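Visitor: Structure file protein-v5.tsv, TSV, C-alpha atoms, is pasted below:
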```
chain	number	residue	atom	x	y	z
K	1	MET	CA	4.39	11.32	-16.51
K	2	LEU	CA	0.72	10.91	-15.53
K	3	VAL	CA	0.87	7.36	-14.14
K	4	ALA	CA	-2.18	5.22	-13.26
K	5	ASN	CA	-1.54	5.31	-9.50
K	6	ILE	CA	-1.70	8.86	-8.10
K	7	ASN	CA	-0.19	9.54	-4.66
K	8	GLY	CA	0.21	5.75	-4.32
K	9	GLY	CA	3.57	6.56	-2.70
K	10	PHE	CA	2.30	9.46	-0.56
K	11	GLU	CA	3.91	11.91	-3.00
K	12	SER	CA	1.42	14.80	-2.72
K	13	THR	CA	0.81	13.95	0.95
K	14	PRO	CA	2.91	16.40	3.00
K	15	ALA	CA	4.60	14.99	6.11
K	16	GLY	CA	2.44	15.30	9.24
K	17	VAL	CA	0.60	12.82	11.48
K	18	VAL	CA	-2.76	11.83	9.96
K	19	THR	CA	-5.99	12.50	11.86
K	20	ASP	CA	-8.32	10.66	9.46
K	21	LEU	CA	-6.83	7.78	7.44
K	22	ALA	CA	-9.91	7.88	5.18
K	23	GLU	CA	-8.88	11.42	4.17
K	24	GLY	CA	-5.14	11.25	4.94
K	25	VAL	CA	-3.34	10.46	1.66
K	26	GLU	CA	-5.24	11.29	-1.55
K	27	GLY	CA	-3.67	8.20	-3.16
K	28	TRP	CA	-3.60	6.17	0.08
K	29	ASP	CA	-6.51	5.60	2.49
K	30	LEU	CA	-6.45	3.39	5.61
K	31	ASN	CA	-9.23	1.54	7.43
K	32	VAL	CA	-9.29	-0.19	10.83
K	33	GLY	CA	-11.91	-2.83	11.70
K	34	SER	CA	-12.95	-4.35	15.04
K	35	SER	CA	-9.82	-6.52	14.68
K	36	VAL	CA	-7.57	-3.56	15.53
K	37	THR	CA	-7.43	-4.23	19.29
K	38	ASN	CA	-4.61	-1.70	19.55
K	39	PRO	CA	-4.55	1.78	18.00
K	40	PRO	CA	-1.98	1.81	15.18
K	41	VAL	CA	-0.18	5.02	14.15
K	42	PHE	CA	-0.91	6.51	10.74
K	43	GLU	CA	1.45	9.37	9.84
K	44	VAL	CA	3.47	10.57	6.83
K	45	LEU	CA	7.23	11.21	7.01
K	46	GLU	CA	9.54	13.13	4.67
K	47	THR	CA	13.08	11.76	4.28
K	48	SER	CA	15.69	11.47	1.50
K	49	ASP	CA	15.46	7.66	1.77
K	50	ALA	CA	11.98	7.31	0.24
K	51	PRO	CA	12.03	5.59	-3.17
K	52	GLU	CA	9.28	7.72	-4.74
K	53	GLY	CA	10.24	11.36	-4.08
K	54	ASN	CA	10.62	11.78	-0.30
K	55	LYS	CA	7.26	11.00	1.33
K	56	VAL	CA	5.98	7.71	2.81
K	57	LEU	CA	3.46	6.46	5.39
K	58	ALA	CA	5.20	5.47	8.63
K	59	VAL	CA	2.90	3.13	10.54
K	60	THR	CA	3.33	1.87	14.08
K	61	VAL	CA	1.94	-1.68	14.21
K	62	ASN	CA	1.98	-2.99	17.79
K	63	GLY	CA	-1.18	-5.04	18.47
K	64	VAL	CA	-2.77	-7.50	16.03
K	65	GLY	CA	-6.22	-9.06	16.48
K	66	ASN	CA	-8.06	-12.36	15.87
K	67	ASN	CA	-8.86	-11.23	12.30
K	68	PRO	CA	-6.46	-11.12	9.33
K	69	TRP	CA	-7.41	-7.49	8.56
K	70	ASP	CA	-6.81	-5.22	11.58
K	71	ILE	CA	-4.92	-2.40	9.83
K	72	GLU	CA	-5.35	-2.02	6.06
K	73	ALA	CA	-3.99	0.79	3.86
K	74	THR	CA	-5.37	0.67	0.30
K	75	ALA	CA	-4.31	2.87	-2.63
K	76	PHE	CA	-6.74	4.73	-4.89
K	77	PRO	CA	-7.99	5.87	-7.14
K	78	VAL	CA	-6.03	4.10	-9.91
K	79	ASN	CA	-6.36	4.32	-13.71
K	80	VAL	CA	-6.00	1.46	-16.22
K	81	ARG	CA	-7.12	0.40	-19.71
K	82	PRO	CA	-9.20	-2.51	-21.03
K	83	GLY	CA	-6.83	-4.72	-23.06
K	84	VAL	CA	-3.62	-2.90	-22.10
K	85	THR	CA	-1.24	-4.44	-19.57
K	86	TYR	CA	-0.12	-2.44	-16.52
K	87	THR	CA	2.76	-2.83	-14.04
K	88	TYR	CA	2.71	-2.81	-10.21
K	89	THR	CA	5.74	-1.77	-8.13
K	90	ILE	CA	6.02	-0.75	-4.45
K	91	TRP	CA	8.69	-0.23	-1.77
K	92	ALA	CA	8.34	-1.25	1.89
K	93	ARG	CA	10.74	-0.50	4.77
K	94	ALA	CA	10.21	-0.80	8.53
K	95	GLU	CA	12.32	0.48	11.44
K	96	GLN	CA	13.35	-2.97	12.71
K	97	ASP	CA	13.84	-5.89	10.28
K	98	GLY	CA	11.20	-8.63	10.62
K	99	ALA	CA	8.02	-6.92	9.40
K	100	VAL	CA	5.44	-8.46	7.05
K	101	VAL	CA	2.98	-6.71	4.71
K	102	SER	CA	0.66	-7.59	1.80
K	103	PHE	CA	-0.29	-5.66	-1.36
K	104	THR	CA	-3.18	-6.87	-3.55
K	105	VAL	CA	-5.13	-5.20	-6.35
K	106	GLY	CA	-8.89	-5.23	-7.01
K	107	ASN	CA	-11.51	-2.90	-8.55
K	108	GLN	CA	-14.81	-1.85	-6.91
K	109	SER	CA	-16.30	-5.21	-7.98
K	110	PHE	CA	-14.36	-7.28	-5.42
K	111	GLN	CA	-12.26	-8.56	-8.34
K	112	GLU	CA	-8.45	-8.82	-8.12
K	113	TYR	CA	-5.63	-8.95	-10.70
K	114	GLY	CA	-2.24	-8.94	-8.94
K	115	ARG	CA	-1.60	-10.20	-5.38
K	116	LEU	CA	1.52	-10.57	-3.20
K	117	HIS	CA	0.48	-10.98	0.45
K	118	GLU	CA	3.02	-12.13	3.08
K	119	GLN	CA	6.22	-10.38	1.99
K	120	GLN	CA	9.22	-10.17	4.35
K	121	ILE	CA	10.37	-6.56	4.78
K	122	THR	CA	13.83	-5.43	5.89
K	123	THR	CA	14.71	-2.18	7.65
K	124	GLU	CA	15.60	-0.80	4.20
K	125	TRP	CA	13.48	-0.25	1.07
K	126	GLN	CA	12.71	-3.50	-0.79
K	127	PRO	CA	11.40	-3.14	-4.36
K	128	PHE	CA	8.59	-5.63	-5.07
K	129	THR	CA	6.68	-5.76	-8.36
K	130	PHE	CA	4.60	-7.87	-10.70
K	131	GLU	CA	2.24	-7.59	-13.70
K	132	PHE	CA	-1.56	-7.64	-14.09
K	133	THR	CA	-4.03	-6.80	-16.89
K	134	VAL	CA	-7.63	-5.56	-16.53
K	135	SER	CA	-9.42	-8.90	-16.00
K	136	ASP	CA	-12.81	-7.51	-17.09
K	137	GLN	CA	-12.94	-3.80	-17.95
K	138	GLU	CA	-12.29	-1.70	-14.83
K	139	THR	CA	-10.94	1.72	-15.82
K	140	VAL	CA	-10.33	2.41	-12.12
K	141	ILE	CA	-8.94	0.01	-9.49
K	142	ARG	CA	-7.56	0.06	-5.95
K	143	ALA	CA	-4.85	-2.08	-4.30
K	144	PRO	CA	-5.78	-2.80	-0.67
K	145	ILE	CA	-2.53	-3.22	1.28
K	146	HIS	CA	-3.07	-5.51	4.29
K	147	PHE	CA	-1.59	-4.75	7.71
K	148	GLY	CA	-2.11	-6.01	11.28
K	149	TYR	CA	-0.08	-9.24	11.54
K	150	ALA	CA	2.04	-10.67	14.34
K	151	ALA	CA	5.06	-10.50	12.01
K	152	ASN	CA	4.28	-6.79	11.55
K	153	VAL	CA	3.89	-6.18	15.29
K	154	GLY	CA	6.47	-4.45	17.53
K	155	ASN	CA	7.72	-2.68	14.39
K	156	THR	CA	6.86	0.53	12.50
K	157	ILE	CA	6.20	-0.29	8.83
K	158	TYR	CA	6.82	2.56	6.37
K	159	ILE	CA	5.18	2.04	2.97
K	160	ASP	CA	5.80	3.97	-0.26
K	161	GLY	CA	6.09	3.13	-3.96
K	162	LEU	CA	2.60	1.75	-4.69
K	163	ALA	CA	2.57	2.86	-8.34
K	164	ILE	CA	0.95	1.33	-11.45
K	165	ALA	CA	2.48	2.05	-14.88
K	166	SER	CA	2.59	0.15	-18.19
K	167	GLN	CA	5.78	-0.60	-20.16
K	168	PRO	CA	7.38	2.02	-22.41
```
Please re-express this file's structure in structure tokens.

Guide:
Amino acid sequence: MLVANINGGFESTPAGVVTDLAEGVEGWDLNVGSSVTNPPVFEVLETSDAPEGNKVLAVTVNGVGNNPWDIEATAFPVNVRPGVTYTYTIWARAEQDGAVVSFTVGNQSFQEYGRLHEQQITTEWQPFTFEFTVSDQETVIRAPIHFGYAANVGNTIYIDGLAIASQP
């Protein structure tokens, strides 16, 4: 089923440490700013525990910064429709319980529809979702997932499930 989010859950991304987050996952790209005082680990892993298929992005967060945007993994490109409502669902799971992450949505106009930053994540896969409709008329959007927080430090956060689909 051609969904709006493609590779949002690292589905086509084959396991293997990433060398360039910008060109790591076709549906997931990462970006580190001067806030990343410590080098985070961006790599894909293949296990039978992933919610979407068996591929996810295992990240090693162990060094936040003075800015609320050290490590950020966004998802794109995404497809939507003007007037139609879409759905947003994702699954997060870190090695040790006590990890925080954020998942917002916004097109290339700095606009945003959904937004759920500051979500507690257990060592298992937690399904989080919500709804959002094209505010203006963006046929393509991207959900920038935030990372680089003290609650996400000393813990590897695996993310997978960022998918956008409308109701049946």

Visitor: In file coordinates, which residues lie within 6 Å of (0.2, -3.3, 3.0) using only C-alpha atoms, given as a ChimeraX atom specification?

Guide: /K:73,101-103,145-147

Visitor: Within 10 Å of residue K:129, counting all atoms listed in the file, which residues show up once you throw out same-chain ones fewer than 6 positions away? Write them as a tab-separated table (two decimals) with C-alpha atoms, in the frame of the given file, please.

Guide:
```
chain	number	residue	atom	x	y	z
K	87	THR	CA	2.76	-2.83	-14.04
K	88	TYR	CA	2.71	-2.81	-10.21
K	89	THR	CA	5.74	-1.77	-8.13
K	90	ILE	CA	6.02	-0.75	-4.45
K	91	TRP	CA	8.69	-0.23	-1.77
K	103	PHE	CA	-0.29	-5.66	-1.36
K	114	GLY	CA	-2.24	-8.94	-8.94
K	115	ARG	CA	-1.60	-10.20	-5.38
K	116	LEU	CA	1.52	-10.57	-3.20
K	161	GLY	CA	6.09	3.13	-3.96
K	162	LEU	CA	2.60	1.75	-4.69
K	163	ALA	CA	2.57	2.86	-8.34
K	164	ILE	CA	0.95	1.33	-11.45
```

Visitor: What does the structure give for the distance between atom CA of residue K:96 and atom CA of residue K:150, in Å to one decimal?

Guide: 13.8 Å

Visitor: Of the residues K:36, K:41, K:84, K:94, which is the one nearest to residue K:67, using all atoms listed in the file?

Guide: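 Going through K:36, K:41, K:84, K:94 one by one, the smallest distance to residue K:67 is for K:36.
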
Visitor: May I have the protein, DNA and RNA residues with any atom at most 12 Å from the point (-9.1, 7.8, 9.8), counting all atoms listed in the file, written as an MDAnalysis selection string?

Guide: chainID K and resid 17:25 28:33 39:43 71:73

Visitor: What is the distance, in Å and to one decimal place, between atom CA of residue K:76 and atom CA of residue K:125?

Guide: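 Atom-to-atom, atom CA of residue K:76 and atom CA of residue K:125 are spaced 21.7 Å apart.
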
Visitor: Expressed in Å to a single decimal, how great is the separation between atom CA of residue K:12 and atom CA of residue K:120?

Guide: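 Result for atom CA of residue K:12 versus atom CA of residue K:120: 27.1 Å, one decimal.
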
Visitor: Residues of stretch 107-162 of chain K within 7 Å of stretch 60-65 of chain K: nearest atom pair and distance (Å, one decimal) for each, counting all atoms listed in the file, sorted by chain and number, as CSV?

Guide:
```
residue,atom,partner,partner_atom,distance
K:148,CA,K:64,CA,5.0
K:149,CA,K:64,CA,5.5
K:150,CA,K:64,CA,6.0
K:152,CA,K:61,CA,6.2
K:153,CA,K:62,CA,4.5
K:154,CA,K:62,CA,4.7
K:155,CA,K:61,CA,5.9
K:156,CA,K:60,CA,4.1
K:157,CA,K:60,CA,6.4
```

Visitor: I need the residue nearest residue K:45 from this list: K:159, K:6, K:121, K:80. Use all atoms listed in the file for the distance.

Guide: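 Residue with the minimum atom-to-atom distance to residue K:45: K:159.
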
Visitor: With only C-alpha atoms as the basis for distance, which of K:35, K:119, K:13, K:167 is at the shortest distance from residue K:53?

Guide: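 Answer, going by the shortest atom-to-atom distance: K:13.
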
Visitor: Nearest residue to residue K:142 out of K:38, K:122, K:74, K:166, using all atoms listed in the file?

Guide: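 Once distances to residue K:142 are computed over all atoms listed in the file, the minimum belongs to K:74.
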
Visitor: Measuring between all atoms listed in the file, which one of K:118, K:135, K:54, K:160 shows the shortest distance to residue K:9?

Guide: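 For residue K:9, the nearest of the given residues is K:160.
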
Visitor: Can you report as AutoDock Vina command-line options the centre and edge lengths in Å, to one decimal, of an axis-aligned box around the listed atoms of stretch 81-89 of chain K padded with 5 Å on each side?

Guide:
```
--center_x -1.7 --center_y -2.2 --center_z -15.6 --size_x 24.9 --size_y 15.1 --size_z 24.9
```

Visitor: For each of K:100, K:165, K:151, K:141, take the minimum atom-to-atom distance to residue K:86, counting only C-alpha atoms, then give the residue where this is smallest.

Guide: K:165

Visitor: Show which residues sit within 10 Å of residue K:107, as a PyMOL selection string. Count all atoms listed in the file, and ignore same-chain residues fewer than 2 positions away.

Guide: chain K and resi 76-78+105+109-113+134-144

Visitor: Can those selected residues be exported to a file as a PDB file, keeping the file's coordinate frame so that it contains C-alpha atoms?

Guide:
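Result saved to again16.pdb:
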```pdb
ATOM      1  CA  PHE K  76      -6.740   4.730  -4.890  1.00  0.00           C
ATOM      2  CA  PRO K  77      -7.990   5.870  -7.140  1.00  0.00           C
ATOM      3  CA  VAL K  78      -6.030   4.100  -9.910  1.00  0.00           C
ATOM      4  CA  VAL K 105      -5.130  -5.200  -6.350  1.00  0.00           C
ATOM      5  CA  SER K 109     -16.300  -5.210  -7.980  1.00  0.00           C
ATOM      6  CA  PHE K 110     -14.360  -7.280  -5.420  1.00  0.00           C
ATOM      7  CA  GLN K 111     -12.260  -8.560  -8.340  1.00  0.00           C
ATOM      8  CA  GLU K 112      -8.450  -8.820  -8.120  1.00  0.00           C
ATOM      9  CA  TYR K 113      -5.630  -8.950 -10.700  1.00  0.00           C
ATOM     10  CA  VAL K 134      -7.630  -5.560 -16.530  1.00  0.00           C
ATOM     11  CA  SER K 135      -9.420  -8.900 -16.000  1.00  0.00           C
ATOM     12  CA  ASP K 136     -12.810  -7.510 -17.090  1.00  0.00           C
ATOM     13  CA  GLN K 137     -12.940  -3.800 -17.950  1.00  0.00           C
ATOM     14  CA  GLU K 138     -12.290  -1.700 -14.830  1.00  0.00           C
ATOM     15  CA  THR K 139     -10.940   1.720 -15.820  1.00  0.00           C
ATOM     16  CA  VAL K 140     -10.330   2.410 -12.120  1.00  0.00           C
ATOM     17  CA  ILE K 141      -8.940   0.010  -9.490  1.00  0.00           C
ATOM     18  CA  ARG K 142      -7.560   0.060  -5.950  1.00  0.00           C
ATOM     19  CA  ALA K 143      -4.850  -2.080  -4.300  1.00  0.00           C
ATOM     20  CA  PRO K 144      -5.780  -2.800  -0.670  1.00  0.00           C
TER      21      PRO K 144
END
```

Visitor: Quick one: stretch 9-36 of chain K from the block, N, CA and C atoms, as a PDB file, in the first residue's frame.

Guide:
```pdb
ATOM      1  N   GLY K   9      10.167   4.297   8.493  1.00  0.00           N
ATOM      2  CA  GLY K   9      10.578   3.325   9.543  1.00  0.00           C
ATOM      3  C   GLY K   9      11.815   2.564   9.066  1.00  0.00           C
ATOM      4  N   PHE K  10      12.695   3.230   8.368  1.00  0.00           N
ATOM      5  CA  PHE K  10      13.924   2.552   7.872  1.00  0.00           C
ATOM      6  C   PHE K  10      13.555   1.179   7.307  1.00  0.00           C
ATOM      7  N   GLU K  11      12.613   1.132   6.402  1.00  0.00           N
ATOM      8  CA  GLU K  11      12.210  -0.180   5.820  1.00  0.00           C
ATOM      9  C   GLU K  11      13.153  -0.548   4.674  1.00  0.00           C
ATOM     10  N   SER K  12      13.379   0.357   3.761  1.00  0.00           N
ATOM     11  CA  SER K  12      14.285   0.053   2.619  1.00  0.00           C
ATOM     12  C   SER K  12      15.742   0.189   3.067  1.00  0.00           C
ATOM     13  N   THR K  13      15.978   0.833   4.176  1.00  0.00           N
ATOM     14  CA  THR K  13      17.375   0.999   4.658  1.00  0.00           C
ATOM     15  C   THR K  13      17.879  -0.334   5.231  1.00  0.00           C
ATOM     16  N   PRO K  14      18.869  -0.905   4.587  1.00  0.00           N
ATOM     17  CA  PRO K  14      19.459  -2.186   5.018  1.00  0.00           C
ATOM     18  C   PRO K  14      20.383  -1.973   6.213  1.00  0.00           C
ATOM     19  N   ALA K  15      20.293  -2.840   7.180  1.00  0.00           N
ATOM     20  CA  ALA K  15      21.150  -2.723   8.388  1.00  0.00           C
ATOM     21  C   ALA K  15      22.561  -2.297   7.980  1.00  0.00           C
ATOM     22  N   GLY K  16      23.287  -1.686   8.875  1.00  0.00           N
ATOM     23  CA  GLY K  16      24.663  -1.236   8.540  1.00  0.00           C
ATOM     24  C   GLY K  16      24.886   0.154   9.129  1.00  0.00           C
ATOM     25  N   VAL K  17      25.988   0.355   9.789  1.00  0.00           N
ATOM     26  CA  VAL K  17      26.254   1.690  10.395  1.00  0.00           C
ATOM     27  C   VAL K  17      26.193   2.757   9.298  1.00  0.00           C
ATOM     28  N   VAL K  18      25.665   3.902   9.615  1.00  0.00           N
ATOM     29  CA  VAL K  18      25.563   4.982   8.598  1.00  0.00           C
ATOM     30  C   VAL K  18      26.831   5.830   8.598  1.00  0.00           C
ATOM     31  N   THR K  19      27.231   6.276   7.444  1.00  0.00           N
ATOM     32  CA  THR K  19      28.449   7.127   7.346  1.00  0.00           C
ATOM     33  C   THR K  19      28.013   8.573   7.112  1.00  0.00           C
ATOM     34  N   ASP K  20      26.862   8.754   6.523  1.00  0.00           N
ATOM     35  CA  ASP K  20      26.352  10.128   6.265  1.00  0.00           C
ATOM     36  C   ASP K  20      24.857  10.161   6.586  1.00  0.00           C
ATOM     37  N   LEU K  21      24.495  10.683   7.725  1.00  0.00           N
ATOM     38  CA  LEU K  21      23.052  10.721   8.097  1.00  0.00           C
ATOM     39  C   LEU K  21      22.240  11.429   7.012  1.00  0.00           C
ATOM     40  N   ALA K  22      22.799  12.424   6.385  1.00  0.00           N
ATOM     41  CA  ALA K  22      22.038  13.145   5.330  1.00  0.00           C
ATOM     42  C   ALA K  22      21.651  12.163   4.223  1.00  0.00           C
ATOM     43  N   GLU K  23      22.486  11.195   3.961  1.00  0.00           N
ATOM     44  CA  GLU K  23      22.168  10.202   2.897  1.00  0.00           C
ATOM     45  C   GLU K  23      22.164   8.795   3.501  1.00  0.00           C
ATOM     46  N   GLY K  24      21.681   8.656   4.707  1.00  0.00           N
ATOM     47  CA  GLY K  24      21.650   7.311   5.347  1.00  0.00           C
ATOM     48  C   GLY K  24      20.337   6.611   4.997  1.00  0.00           C
ATOM     49  N   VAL K  25      19.251   7.042   5.577  1.00  0.00           N
ATOM     50  CA  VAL K  25      17.941   6.404   5.270  1.00  0.00           C
ATOM     51  C   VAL K  25      17.186   7.265   4.257  1.00  0.00           C
ATOM     52  N   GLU K  26      16.746   6.676   3.181  1.00  0.00           N
ATOM     53  CA  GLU K  26      16.007   7.458   2.151  1.00  0.00           C
ATOM     54  C   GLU K  26      14.792   8.139   2.788  1.00  0.00           C
ATOM     55  N   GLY K  27      14.162   7.493   3.730  1.00  0.00           N
ATOM     56  CA  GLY K  27      12.965   8.103   4.378  1.00  0.00           C
ATOM     57  C   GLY K  27      13.359   8.739   5.715  1.00  0.00           C
ATOM     58  N   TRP K  28      14.599   8.623   6.104  1.00  0.00           N
ATOM     59  CA  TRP K  28      15.026   9.228   7.398  1.00  0.00           C
ATOM     60  C   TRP K  28      16.398   9.885   7.236  1.00  0.00           C
ATOM     61  N   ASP K  29      16.490  11.147   7.534  1.00  0.00           N
ATOM     62  CA  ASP K  29      17.798  11.855   7.427  1.00  0.00           C
ATOM     63  C   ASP K  29      18.123  12.471   8.787  1.00  0.00           C
ATOM     64  N   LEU K  30      19.369  12.502   9.178  1.00  0.00           N
ATOM     65  CA  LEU K  30      19.696  13.094  10.507  1.00  0.00           C
ATOM     66  C   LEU K  30      20.509  14.367  10.310  1.00  0.00           C
ATOM     67  N   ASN K  31      20.654  15.142  11.343  1.00  0.00           N
ATOM     68  CA  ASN K  31      21.436  16.401  11.220  1.00  0.00           C
ATOM     69  C   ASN K  31      21.944  16.828  12.596  1.00  0.00           C
ATOM     70  N   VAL K  32      23.228  17.014  12.728  1.00  0.00           N
ATOM     71  CA  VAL K  32      23.787  17.442  14.044  1.00  0.00           C
ATOM     72  C   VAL K  32      24.236  18.901  13.957  1.00  0.00           C
ATOM     73  N   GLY K  33      23.934  19.681  14.958  1.00  0.00           N
ATOM     74  CA  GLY K  33      24.343  21.112  14.937  1.00  0.00           C
ATOM     75  C   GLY K  33      25.518  21.320  15.893  1.00  0.00           C
ATOM     76  N   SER K  34      25.884  22.548  16.141  1.00  0.00           N
ATOM     77  CA  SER K  34      27.021  22.813  17.065  1.00  0.00           C
ATOM     78  C   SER K  34      26.634  22.387  18.484  1.00  0.00           C
ATOM     79  N   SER K  35      25.388  22.059  18.697  1.00  0.00           N
ATOM     80  CA  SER K  35      24.951  21.637  20.057  1.00  0.00           C
ATOM     81  C   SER K  35      25.482  20.234  20.354  1.00  0.00           C
ATOM     82  N   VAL K  36      25.622  19.413  19.349  1.00  0.00           N
ATOM     83  CA  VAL K  36      26.130  18.045  19.568  1.00  0.00           C
ATOM     84  C   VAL K  36      27.576  18.114  20.073  1.00  0.00           C
TER      85      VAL K  36
END
```
